[PDB]
Every structure is written in structure tokens, then in C-alpha cells.
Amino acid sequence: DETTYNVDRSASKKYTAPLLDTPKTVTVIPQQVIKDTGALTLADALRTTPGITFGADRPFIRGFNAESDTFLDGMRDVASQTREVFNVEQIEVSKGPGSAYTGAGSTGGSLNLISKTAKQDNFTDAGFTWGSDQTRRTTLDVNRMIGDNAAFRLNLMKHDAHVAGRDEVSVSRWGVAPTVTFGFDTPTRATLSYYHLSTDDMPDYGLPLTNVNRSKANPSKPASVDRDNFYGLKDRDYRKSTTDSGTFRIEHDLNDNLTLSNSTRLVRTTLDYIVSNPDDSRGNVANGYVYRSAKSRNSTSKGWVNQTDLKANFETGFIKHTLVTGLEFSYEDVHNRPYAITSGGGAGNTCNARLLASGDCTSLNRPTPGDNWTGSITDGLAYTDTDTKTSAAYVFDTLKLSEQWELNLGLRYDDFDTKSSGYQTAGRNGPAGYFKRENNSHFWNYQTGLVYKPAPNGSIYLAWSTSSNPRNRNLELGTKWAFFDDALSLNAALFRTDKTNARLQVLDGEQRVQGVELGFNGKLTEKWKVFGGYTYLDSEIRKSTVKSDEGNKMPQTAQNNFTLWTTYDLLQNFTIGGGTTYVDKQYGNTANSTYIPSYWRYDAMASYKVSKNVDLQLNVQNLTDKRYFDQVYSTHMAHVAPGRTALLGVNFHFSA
């Protein structure tokens, strides 16, 4: 049912077993959790499952970068789309050994964002939300059956807000997503989808890190200043993105046991921004000042991805196979020409009276984003054109050997060719001039998972995955249980992942994360639902060209992470909910010389049924107004999370 906290199967056809019998850690963040937590961004939704951090807006899973392992309906994210939540059905987070997706050389760790599709139902949902942070949000979700064999769904969203506890920072976005499906209850089914999102935000890099005598024995943390402090310029800084995506998927049953599909997606994105890096390690923070160091982008990206898959059920003697095999091809072209941004207050990286007067610099303690900035912006001379092609081939099979034993096997090949060219100015990469760069690589990935079922509702598994690139290994021992006629899932795993060239920047040695993960989701009782988990991550740089890094923690990795969301149906009329998250300290670099501290955050919810068609929902996020950081960089800065926000929604819902 639609309200479940416990989804028992992936929406991806690439899974050859239900989640209970899939030998890896996988958690689906379902629609009802997204709604009940009031999550408005993918990051808000991801925090409900443990082990996810962010670095570089790239997701890190159990301590390893997962940017190239983010998928949209199972397809490679060509041209790097921005999504929100208004068109999201659910988010699948995989951590265990192996990937069902094409990640090049990935031995595990993926996010798959599942888009809303048209249902065989008639409904209309509309939401209006007001916030203490000036949130004004309107959504519409309308779904209509067309006879017995087709349907249409349309999702619309408009959203404006300030950011609680960040001076002068605002966000705005809107989106539209129509989709149609042809062929329910027929041998051939096709879906056509379109997605558009536009954003227009004040970009915010947070607070500067200190940078005096930085070392492992004297690590840099964020400056100890008001966490409301914003170092950007209202009159200069902005971030505007557009996302346009069109998808055509068709599948055909050749018989009851064999289905062929082909999916094609075309994407265009743009990203235009100017953002202020707070001092860019230029030495002014020590003296109480911040140089608003402008960074920019002005890019257009175009992409396409095509997948062709076969899925089959068949028997070889007593063994039952569920098999999926396919090919993926993609192409992406990116053109970027950053701006040339010139100081209004003369030369140099060191704050002085001229640069304070021009708005190029400001006070560390009391920055004034309203400053009138007297610099200039033009198109820069430097530009880059980057073309990336990928190919992948894969076969996955779950072999049921008996009622108690299953073997999962997978093999994938991936290849990658990336070509960049353009013009560079004099700096890091050499003298000014034209450049051309190519890299081409391939990987074989192997996965094996043995599953024992001591009872129908239980699994014990041992799995491993390795990747070769002409010794990345991921290993996991785990158990999964389903209780109360599949209303509650409980999961536990012990794992170790080794990489030699973890990432971007590539290390030359060995990195290891090992630990334990617990997961729980579903109903404790008829009225009481839970969702969350716990992970302990022991990370280590085992070998490095920088000797002093050996033994250090991996960056972007919290040793402990606890997250719990729960709701209780107090009355037939009234539901309450609450959330608790703990994230341990994170280092920003392999030297462990930058960091942000641990924190606890608490959230609350109440929902009142006004009528059968109208709910009133209150969400209070970060109810103690804890001021914490949700990203640390290897240098320069740390990102400040929002303070307390209260959101009140009126949610209308009408069904046939």
C-alpha cells in the first residue's frame, strides 16, 4: 500500500530478487517517508538512512564518493540533472557489494532516483505550504486513467523561500513533469516522460575554515563566528540552473518468461553562477577579514543515454534462474566559459581599505551582503568543451538452488572515453594556450552473493564484488528479516571495502572502510511506524605516497551515524511524528587537518485530518535550532546547515 515505510522490491528491473533475498545492503526511501518528513530536497530525504555524507554536492556512501553512481530511473545521469522531490516516487540507496547499475569500476554504493509514473487510478493531490523561513510552496499531482490501457500524470511545483539562519540567502525553483503510459495489461508497454526544473538561488559556501598552523595536531575548523553569517553579495552572486529531460521506454513480452526493453533519454542542462568563496585561504580570516573570492560557471550540457535489456525466467535442471542482461551507451557534451571577474578595489589578495570600500572584502565577524560591489564581470577568454562516451554490458542472475539456498552472480564491463579541449589562461595547468586532453579506460566487475534462508522470511548472506582495470574489493556478511507478514524489515550487516585509488583527486595507495550497519523500517504495531538505521564506519588510509596520511581517517566519513524517524497514529484523526539524527565528526582531507564537529538534530511532525480530502501538516525541522555544518571541504570553507524551520501545509487529496 502507498503509505508503507517498508518497500519489499526495487523499482529497478535490474534486481533479480526481492530485497529480502538480495545479498547487499539496500534501503528504499519510500514516498510516504518523503511526505511525512516534509523533505523538500534530495539531501533532506537522504538523511533518513545512515552512512551518506556530501563533499566536492557529490554524495559519499560509506566513506566513498558516489557521484558517478547516481542514477535516474536506473540510467546514467548524463549532463548531471538537478532533481527535487516533487517528481520523485522513491529513492533507492544501495551500499552492499556489487551494483545493479553501470557505475564504471564501482564495487557498490549507488543512489537511484525513481521518478513518478502514471498509475491506473484517478487522483488529484494539491499542497500549499507556508514556512517560518518565508517558504511559499505549491504542488499539484494529477493522475488520470485513459481507458483500461493508458494513463497520464502531471506534476507541478513552485517554491520560494529564505534559508533559516543564513543571512540574505534565498532559493526559488519551479518544475513541470508530464508522463504518459501506453499499454497496461498488454504485451507491449511504453512510457513517455518529460521533466523540466528551473532554479534561481543565492549560492552559499558557508563559513571560512581557519588556516593558520594547519596540521593534524592543530586542525582547522570553521571560524567561531555567528552561524547566520553570509559572505556573498546580494548584488553579484547567483546560481541559475535549468534541467530538461525527455525519456522514451518501451518493453515487450516475447513470451510469459522473456521481456525485451529499450530506453532512451535526452537531456539538456544549463548552469550559470557566481558565488563567493569566503577568503579562499588568502590569509585575511586570521586578521578578521574575508575576501569575497568570486568563482563562476557558465555552462551548457547535452546528453543521451540508451539502454537495451533482456529479462528472463528459466530453468536449468532443478535450478531456477532469474536473469537480466543488457547494454548501455551514453554520450555527454559540456561547454563551459567562466566569467572574468575583476576587483573594484585594486589588485592583491590581502584586504585593505580600498577593497573593503569596493565590496570585494568584508568583516569576518559582521559581513554585510548588502554591500555595493564596484567590480566588473565579462565573458572570460578560457573555455572548455568536454565530450564523454560510455559503453557498458552486464549480466546478472539469481539462481535458486533449493528452497534454502540461492546464488547470485553478476558480470559487468564498462568503458569510458573522455575528451576535453579549449583555451586556458596562465596558471596551474601551464602557460596560456590551447589544450586537448583524452582519457580512455575500461573495467571488469564481478559479483557473487550466496544466500541462505533459515526460514521463508529470513536471509543470511555473504557477498563480494571486485573490479579490475587493465584490488578494489567489497565484502559483506549480512542478515535480513521480515516480520508481521512483511510489515517490518530488520537488517544487519558487517562489511569491509578496500580501494587502491579512491577519489576529483586520486590517491596512490590503499583505503579501507569496515564496519557495521543496522536498518529498520516498517510497522512496530498497527499505529507505530519506524524508519532508520545505524552505521559504524572504521575508515583508514592504509597506504599513501604521503607517509603522514597513513593511519588517518578518510575524509567525508563519520564514524557513527544514527537516524530514526517514527510516526504514531494517536487518534484516527491525528498523527504525530519525530526524528533524531546523530552524525559524528568529519574530516575534510586525508591529512585530517580540517574538520567539522558532530551534532544531534531533532525533528517533529503533526498531521490533522480536517476531512477525508484535506490534511493539515506541521513539520518542525531542527527543533532545537542546533547550528551545525553538513559539509566540510578539504580547504577554504564549511557549509552551514539551516537553523530551525516550521512548515505548515494544507494537503488536498481527491481520489476516484
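Residue positions are given as counts along the sequence shown, with the first one as 1.
In the deposited sequence, how many residues between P470 and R471 have no modelled coordinates (none, 1 to 3, 4 to 9, 10 or more)? Gap size class: 10 or more residues without coordinates, per the record.
According to the PDB entry, how many deposited residues between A56 and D57 are absent from the model (none, 1 to 3, 4 to 9, 10 or more)? Per the deposited record, the segment joining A56 and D57 lacks coordinates for 4 to 9 residues.
Entry-level comparison of average CA B-factors, 58 to 66 and 22 to 30, reporting the higher stretch: The recorded data point to 58 to 66.
583 to 591 versus 612 to 620 - greater average Cα B-factor per the deposited record: In the deposited entry, the stretch with the higher C-alpha B-factor mean is 612 to 620.
Looking at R9, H636, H639, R644, which one carries the largest C-alpha B-factor according to the PDB entry? The C-alpha B-factor peaks, among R9, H636, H639, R644, at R9.
Options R153, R503, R337, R166 - largest CA temperature factor per the record: So the option with the highest C-alpha B-factor is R503.
Where the record places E403 (Cα B-factor, split into thirds across the chain): It falls in the top third of the chain.
State the tercile, meaning the lowest, middle or highest third, of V176 with respect to the CA B-factors recorded for its chain. Its C-alpha B-factor belongs to the lowest third of this chain's values.
Would you mind checking where the Cα B-factor of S607 ranks among the modelled residues of its chain, as the lowest, middle or highest third? For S607, whose C-alpha B-factor we compare with every modelled residue in the chain, the answer is the highest third.
Lowest, middle or highest third: which one holds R249 when the chain's residues are ordered by CA B-factor from the entry? Middle third, going by the recorded CA B-factors of the chain.
State the tercile, meaning the lowest, middle or highest third, of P454 with respect to the CA B-factors recorded for its chain. Highest third, going by the recorded CA B-factors of the chain.
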